[PDB]
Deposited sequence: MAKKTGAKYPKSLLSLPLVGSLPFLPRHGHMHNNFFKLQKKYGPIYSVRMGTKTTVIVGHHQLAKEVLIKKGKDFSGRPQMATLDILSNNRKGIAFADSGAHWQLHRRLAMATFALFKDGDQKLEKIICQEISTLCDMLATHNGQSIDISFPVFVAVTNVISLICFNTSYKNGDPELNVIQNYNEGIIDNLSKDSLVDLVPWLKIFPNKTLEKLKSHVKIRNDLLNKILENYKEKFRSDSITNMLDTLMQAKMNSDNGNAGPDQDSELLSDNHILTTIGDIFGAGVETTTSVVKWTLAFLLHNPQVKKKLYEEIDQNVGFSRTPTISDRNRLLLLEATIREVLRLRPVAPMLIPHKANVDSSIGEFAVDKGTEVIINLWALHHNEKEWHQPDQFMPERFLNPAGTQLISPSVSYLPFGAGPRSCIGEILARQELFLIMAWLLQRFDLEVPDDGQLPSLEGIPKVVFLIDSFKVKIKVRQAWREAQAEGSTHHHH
């Protein structure tokens, strides 16, 4: 009896389980690095820290490209901006300019810390009005980080109730919904196989974002003054005029897309990580208690938390690290591409090949982490409890090398201060129908969590101390 001709083969079911996990499970059979061919395109998945660092750092330049995707073409206006732009002059310039802008916020009058604390104050005052009630903290937190990133991009913010905030939220949700069904990584390109309206819907949401950004740029062409460079838009406009090989790379569209990447990332990443952190604390009341104890003893109630408090609030800084391990914002980073013929772990990799780092695998490798599927912030502390440690070399929440996260400083500060101020001021408890958030998650371009509610109450201790 003969065997059928095989015209296709995939190692697991599509749309069943999470991609990053399915790739991980495959490592038991096939090892830490393997490939899949889809028509013409070849993709390599890497799931061990040694090989990953070779791709991100040692041979960083070789693998610093980004593959092209139809959905991403639309969001990025054909591969402009930073995150989805191929390696090249545009990417390098705009990335550099964006980084240079965060320097303008490291100290002084417009210090990043104060900008953030300003908006966390408004957030806390608003949340306190919901004393006694169960609520979804998504929108209130969304506003807070939106204002922070707006101040950094334009030196503007939004008053309570500005409906432009509801507009942004709508298109943010719609774009994220249609940019990918699940992860950006998608074995079969269903998009091109069956008739569908994904690109149509995606365009309609992107159009609204772009119209709003254009509106902002046009209104700002007048307020721009050369001697005063205080925000990201200033920096980008100052560069364009400074010419005078550089000027074609700073068109209006190049500038808006870059601002768009920053505005989007600044808001959806940090918002997501905050929700994830709360969710874990509702599942782990023992940890939560230890965090209240820690903050009462090291900051108390006579002032509000500041960045310098990260030197004393160690369990908090560790809790954040452990969320970023267990539920990475980008569990498969963003896809990389080989710019040139090269190699990984002595295996050949052709120019143009897609390369994916399975960070989830790195963060859950059993030989590198003790009980990796557990939420244990303790692992990032010495046994004493008195200083932070790095227990594994297999940890890269913000990536590394040329395409590493450029918003890391901002993220870490936003996350630390938000959690700090909330814990000082609020009991955050399971709602009265004792529903706990699902920790399973929803993979999109970002690793999101199902919406959930939290009962919020002002703390007796915080009240007494007024």
Missing segments of the deposited chain sequence, listed N- to C-terminal: 1-12, 257-263, 486-494
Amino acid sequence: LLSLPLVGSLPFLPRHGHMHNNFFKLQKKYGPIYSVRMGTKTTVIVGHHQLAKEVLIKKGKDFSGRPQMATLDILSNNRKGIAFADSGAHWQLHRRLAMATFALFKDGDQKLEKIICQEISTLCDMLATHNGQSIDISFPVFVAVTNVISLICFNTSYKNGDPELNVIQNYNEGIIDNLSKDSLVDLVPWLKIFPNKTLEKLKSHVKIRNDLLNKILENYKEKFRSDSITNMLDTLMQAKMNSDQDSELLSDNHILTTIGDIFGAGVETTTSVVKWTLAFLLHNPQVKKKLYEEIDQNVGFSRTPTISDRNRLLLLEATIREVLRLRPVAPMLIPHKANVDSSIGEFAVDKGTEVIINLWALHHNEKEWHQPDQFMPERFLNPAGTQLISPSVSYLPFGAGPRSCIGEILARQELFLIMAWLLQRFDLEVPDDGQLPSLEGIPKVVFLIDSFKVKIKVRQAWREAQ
From here on, numbers count along this sequence of modelled residues.
Higher avg CA temperature factor (382-390 vs 140-148, as deposited) belongs to 382-390
Is the mean CA B factor in the deposited entry higher across 289-297 or across 129-137? 289-297
Which one of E414, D432, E408, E54 shows the top CA temperature factor in the record? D432
Among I208, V349, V185, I74, the highest C-alpha B-factor in the PDB entry belongs to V185
For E268, the third of its chain into which the C-alpha B factor falls: lowest
Please place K41 in the lowest, middle or highest third of its chain by C-alpha B factor as given in the entry. highest
Lowest, middle or highest third of the chain for the C-alpha temperature factor of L428? highest
Chain-relative CA temperature factor third for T319: middle
B-factor third for the C-alpha atom of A100 within its chain: highest
